[PDB]
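Reading through the structure tokens given below for one structure.
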Amino acid sequence: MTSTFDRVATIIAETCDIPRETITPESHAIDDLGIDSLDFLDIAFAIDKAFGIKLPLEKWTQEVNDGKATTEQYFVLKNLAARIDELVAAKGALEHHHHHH
């Protein structure tokens with residue numbers, strides 16, 4: 001089953017040159033993978049275009065910098081993929097109550 005995480009893992013793989021083998025759900029971008037803000041610009045931009053959603057990294061970065069949130073919520077790959085799953089559900093929310101593919 002191709003989930004939101006399957007795509008995010010591929011993004012970070014081809015962006016940061018980090019092999020898929022060393023990528024895991026509970027891995028943190030900054031803490032574990034060693035991803036810098038400048039590299040994560042490219043990650044969030046590739047996700048923005050790939051999923052076809054507006055990822056506001058300007059907000060997510062600000063949440064951490066202003067102490068309103070932690071890096072865990074927006075950089076751990078499963079948490080990141082949960083926030084992206086939120087945004088793809090948001091554009092899917094435009095669906096008119098017809099529960100069928």
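We label chains A, B, ... in the order they appear in the structure tokens, count residues from 1 in each chain, and number ligands from 1 in the order shown.
Using only C-alpha atoms, the protein and nucleic acid residues lying no more than 12 Å from residue 52 of chain A, apart from those fewer than 6 places from it along its own chain, are residues 44, 45, 46, 84, 85, 87, 88, 89, 90, 91 and 92 of chain A.
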Please produce an output containing N, CA, C and O atoms for each residue in the selection, written as a compact mmCIF listing (two decimals), in the first residue's frame.
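And here is the file that came out, again_25.txt:
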# COMPACT_ATOMS: atom_id res chain seq x y z
N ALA A 44 10.71 20.06 1.41
CA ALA A 44 9.36 20.62 1.58
C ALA A 44 8.82 21.17 0.24
O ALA A 44 7.61 21.17 0.01
N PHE A 45 9.75 21.61 -0.62
CA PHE A 45 9.44 22.13 -1.96
C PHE A 45 9.11 20.99 -2.93
O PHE A 45 8.22 21.11 -3.78
N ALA A 46 9.84 19.87 -2.81
CA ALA A 46 9.62 18.68 -3.64
C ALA A 46 8.29 17.99 -3.25
O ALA A 46 7.59 17.50 -4.11
N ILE A 84 1.64 16.06 6.21
CA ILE A 84 1.45 16.06 4.75
C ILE A 84 0.14 15.34 4.38
O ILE A 84 -0.61 15.80 3.51
N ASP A 85 -0.11 14.20 5.05
CA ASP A 85 -1.40 13.47 4.99
C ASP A 85 -2.59 14.39 5.36
O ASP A 85 -3.68 14.26 4.80
N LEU A 87 -2.58 17.75 4.78
CA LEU A 87 -2.69 18.69 3.64
C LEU A 87 -3.34 18.03 2.39
O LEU A 87 -4.11 18.69 1.67
N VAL A 88 -3.03 16.74 2.13
CA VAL A 88 -3.62 16.00 0.99
C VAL A 88 -5.09 15.60 1.29
O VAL A 88 -5.91 15.43 0.38
N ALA A 89 -5.40 15.43 2.59
CA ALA A 89 -6.79 15.22 3.05
C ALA A 89 -7.59 16.53 2.94
O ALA A 89 -8.79 16.50 2.70
N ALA A 90 -6.90 17.67 3.18
CA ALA A 90 -7.49 19.02 3.05
C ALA A 90 -8.02 19.31 1.63
O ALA A 90 -9.15 19.79 1.47
N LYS A 91 -7.21 19.02 0.60
CA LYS A 91 -7.65 19.17 -0.81
C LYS A 91 -8.69 18.10 -1.17
O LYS A 91 -9.59 18.34 -1.98
N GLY A 92 -8.54 16.89 -0.59
CA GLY A 92 -9.55 15.84 -0.70
C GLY A 92 -10.86 16.16 0.03
O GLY A 92 -11.89 15.56 -0.26
Using only C-alpha atoms: which of A:42, A:32, A:77, A:83 has the shortest distance to residue 60 of chain A:
A:83
Just list the residues in segment 12-45 of chain A DSSP gives alpha helix (DSSP H) on the backbone, as a list in words.
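Output for segment 12-45 of chain A, alpha helix (DSSP H) only: residues 12, 13, 14, 15, 16, 37, 38, 39, 40, 41, 42, 43, 44 and 45 of chain A.
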Take the selection from the previous step and output its residues with C-alpha atoms, as a compact mmCIF listing (two decimals), in the first residue's frame.
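Generated output (again.txt):
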# COMPACT_ATOMS: atom_id res chain seq x y z
CA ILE A 12 14.15 12.85 0.98
CA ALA A 13 16.05 9.96 -0.69
CA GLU A 14 16.50 11.75 -4.08
CA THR A 15 16.78 15.28 -2.51
CA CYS A 16 19.30 14.69 0.33
CA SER A 37 17.20 23.80 7.15
CA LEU A 38 18.68 24.58 3.65
CA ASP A 39 18.31 20.92 2.54
CA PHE A 40 14.80 20.70 4.11
CA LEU A 41 13.79 23.73 1.91
CA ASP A 42 14.27 21.36 -1.12
CA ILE A 43 12.43 18.50 0.72
CA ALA A 44 9.36 20.62 1.58
CA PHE A 45 9.44 22.13 -1.96
The distance between atom CA of residue 5 of chain A and atom CA of residue 34 of chain A is 18.6 Å
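If you measure from each of A:26, A:98, A:61, A:54 to residue 76 of chain A using only C-alpha atoms, the closest one turns out to be A:26.
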Write out as JSON, numbers by chain which residues come within 12 Å of residue 72 of chain A when counting only C-alpha atoms, dropping same-chain ones fewer than 2 positions away.
{"A": [25, 26, 27, 28, 29, 30, 31, 32, 60, 61, 63, 64, 69, 70, 74, 75, 76, 77, 78, 79, 80, 81, 82, 83]}
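Distances from A:35, A:18, A:1, A:11 to residue 50 of chain A were compared using only C-alpha atoms, and the smallest one belongs to A:11.
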